[PDB]
>>> print(open('input_27.pdb').read())   # PDB, C-alpha atoms
ATOM      1  CA  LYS U  19     200.662 217.811 180.038
ATOM      2  CA  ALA U  20     199.538 220.543 177.641
ATOM      3  CA  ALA U  21     201.677 222.996 179.609
ATOM      4  CA  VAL U  22     204.352 220.635 180.927
ATOM      5  CA  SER U  23     205.587 219.250 177.608
ATOM      6  CA  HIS U  24     204.571 222.081 175.279
ATOM      7  CA  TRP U  25     206.881 224.684 176.818
ATOM      8  CA  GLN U  26     209.924 223.267 175.020
ATOM      9  CA  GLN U  27     208.818 223.541 171.392
ATOM     10  CA  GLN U  28     208.005 227.199 172.060
ATOM     11  CA  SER U  29     210.824 228.401 174.316
ATOM     12  CA  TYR U  30     213.469 227.687 171.670
ATOM     13  CA  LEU U  31     211.973 230.165 169.200
ATOM     14  CA  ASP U  32     213.264 233.049 171.316
ATOM     15  CA  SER U  33     216.842 231.764 171.514
ATOM     16  CA  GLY U  34     218.008 234.523 169.187
ATOM     17  CA  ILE U  35     217.124 234.021 165.529
ATOM     18  CA  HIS U  36     218.433 237.219 163.923
ATOM     19  CA  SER U  37     216.560 238.958 166.749
ATOM     20  CA  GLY U  38     213.624 239.003 164.343
ATOM     21  CA  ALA U  39     211.606 236.507 166.370
ATOM     22  CA  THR U  40     210.324 239.355 168.541
ATOM     23  CA  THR U  41     208.832 241.567 165.830
ATOM     24  CA  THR U  42     206.205 239.193 164.438
ATOM     25  CA  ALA U  43     205.794 237.040 167.548
ATOM     26  CA  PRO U  44     204.286 239.595 170.022
TER      27      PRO U  44
END
>>> encode(input="input_27.pdb", output="structure tokens")
Amino acid sequence: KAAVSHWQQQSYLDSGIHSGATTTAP
């Protein structure tokens, strides 16, 4: 449940937001 319904509100942050969501995320 904590890994079956919490993988949606976290997998949409890497869609492609100015490609800047991979500089402060990692």
>>> atom_distance(input="input_27.pdb", atom1="CA of residue 27 in chain U", atom2="CA of residue 39 in chain U")
14.2 Å
>>> atom_distance(input="input_27.pdb", atom1="CA of residue 44 in chain U", atom2="CA of residue 32 in chain U")
11.2 Å
>>> axis_aligned_box(input="input_27.pdb", around="range 38-44 of chain U", padding_each_side="4 Å", output="JSON")
{"center_x": 209.0, "center_y": 239.0, "center_z": 167.2, "size_x": 17.3, "size_y": 13.1, "size_z": 13.7}
>>> residues_around(input="input_27.pdb", residues="residue 43 in chain U", least_positions_apart="6", cutoff="12 Å", atoms="only C-alpha atoms", output="NGL selection string")
:U and (28 or 31-32 or 35 or 37)
>>> build_atoms(input="input_27.pdb", residues="chain U", atoms="N, CA, C and O atoms", output="short mmCIF file (atom, residue, chain, number, x, y, z; two decimals), in the coordinates of the input")
data_model
loop_
_atom_site.label_atom_id
_atom_site.label_comp_id
_atom_site.auth_asym_id
_atom_site.auth_seq_id
_atom_site.Cartn_x
_atom_site.Cartn_y
_atom_site.Cartn_z
N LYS U 19 200.10 218.46 181.22
CA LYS U 19 200.66 217.81 180.04
C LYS U 19 200.69 218.78 178.86
O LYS U 19 201.65 218.81 178.09
N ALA U 20 199.63 219.57 178.72
CA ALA U 20 199.54 220.54 177.64
C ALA U 20 200.37 221.78 177.95
O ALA U 20 200.57 222.64 177.09
N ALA U 21 200.86 221.87 179.18
CA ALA U 21 201.68 223.00 179.61
C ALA U 21 202.93 222.52 180.33
O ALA U 21 203.65 223.32 180.93
N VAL U 22 203.18 221.22 180.28
CA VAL U 22 204.35 220.64 180.93
C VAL U 22 205.29 220.01 179.90
O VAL U 22 206.44 219.69 180.20
N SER U 23 204.79 219.83 178.68
CA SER U 23 205.59 219.25 177.61
C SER U 23 205.45 220.07 176.33
O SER U 23 205.96 219.68 175.27
N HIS U 24 204.77 221.20 176.43
CA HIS U 24 204.57 222.08 175.28
C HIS U 24 205.30 223.41 175.48
O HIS U 24 205.12 224.35 174.70
N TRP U 25 206.12 223.47 176.52
CA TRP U 25 206.88 224.68 176.82
C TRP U 25 208.31 224.58 176.29
O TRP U 25 209.13 225.47 176.51
N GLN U 26 208.60 223.49 175.59
CA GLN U 26 209.92 223.27 175.02
C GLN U 26 209.95 223.65 173.54
O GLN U 26 210.89 224.29 173.08
N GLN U 27 208.91 223.24 172.82
CA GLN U 27 208.82 223.54 171.39
C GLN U 27 208.29 224.96 171.16
O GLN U 27 207.75 225.26 170.10
N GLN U 28 208.46 225.82 172.16
CA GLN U 28 208.00 227.20 172.06
C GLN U 28 208.99 228.15 172.73
O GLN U 28 208.98 229.35 172.48
N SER U 29 209.84 227.60 173.60
CA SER U 29 210.82 228.40 174.32
C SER U 29 212.15 228.45 173.57
O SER U 29 213.08 229.15 173.98
N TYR U 30 212.24 227.72 172.46
CA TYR U 30 213.47 227.69 171.67
C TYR U 30 213.37 228.63 170.48
O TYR U 30 214.33 228.81 169.73
N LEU U 31 212.20 229.24 170.30
CA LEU U 31 211.97 230.16 169.20
C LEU U 31 212.44 231.57 169.57
O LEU U 31 212.47 232.47 168.72
N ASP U 32 212.80 231.75 170.83
CA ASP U 32 213.26 233.05 171.32
C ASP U 32 214.74 232.99 171.69
O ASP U 32 215.26 233.88 172.36
N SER U 33 215.42 231.94 171.23
CA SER U 33 216.84 231.76 171.51
C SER U 33 217.66 232.94 170.98
O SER U 33 218.58 233.41 171.64
N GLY U 34 217.30 233.41 169.79
CA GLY U 34 218.01 234.52 169.19
C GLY U 34 218.19 234.36 167.69
O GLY U 34 219.32 234.37 167.19
N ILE U 35 217.08 234.19 166.98
CA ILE U 35 217.12 234.02 165.53
C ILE U 35 217.11 235.37 164.82
O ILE U 35 216.04 235.90 164.49
N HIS U 36 218.30 235.93 164.59
CA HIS U 36 218.43 237.22 163.92
C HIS U 36 217.68 238.31 164.68
O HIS U 36 217.47 239.41 164.16
N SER U 37 217.28 238.01 165.91
CA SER U 37 216.56 238.96 166.75
C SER U 37 215.27 239.41 166.07
O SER U 37 214.66 240.40 166.47
N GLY U 38 214.84 238.67 165.06
CA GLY U 38 213.62 239.00 164.34
C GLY U 38 212.44 238.18 164.81
O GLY U 38 211.34 238.29 164.26
N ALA U 39 212.66 237.35 165.83
CA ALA U 39 211.61 236.51 166.37
C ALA U 39 210.84 237.23 167.47
O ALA U 39 210.10 236.60 168.24
N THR U 40 211.00 238.54 167.54
CA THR U 40 210.32 239.36 168.54
C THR U 40 209.59 240.53 167.90
O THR U 40 209.11 241.43 168.58
N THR U 41 209.51 240.51 166.57
CA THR U 41 208.83 241.57 165.83
C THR U 41 207.50 241.08 165.26
O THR U 41 206.57 241.87 165.08
N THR U 42 207.42 239.78 164.99
CA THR U 42 206.20 239.19 164.44
C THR U 42 205.58 238.20 165.42
O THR U 42 204.50 237.67 165.17
N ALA U 43 206.28 237.97 166.53
CA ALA U 43 205.79 237.04 167.55
C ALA U 43 204.81 237.72 168.51
O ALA U 43 203.72 237.19 168.74
N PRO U 44 205.17 238.89 169.09
CA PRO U 44 204.29 239.60 170.02
C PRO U 44 203.01 240.10 169.35
O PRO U 44 201.96 239.46 169.44
#
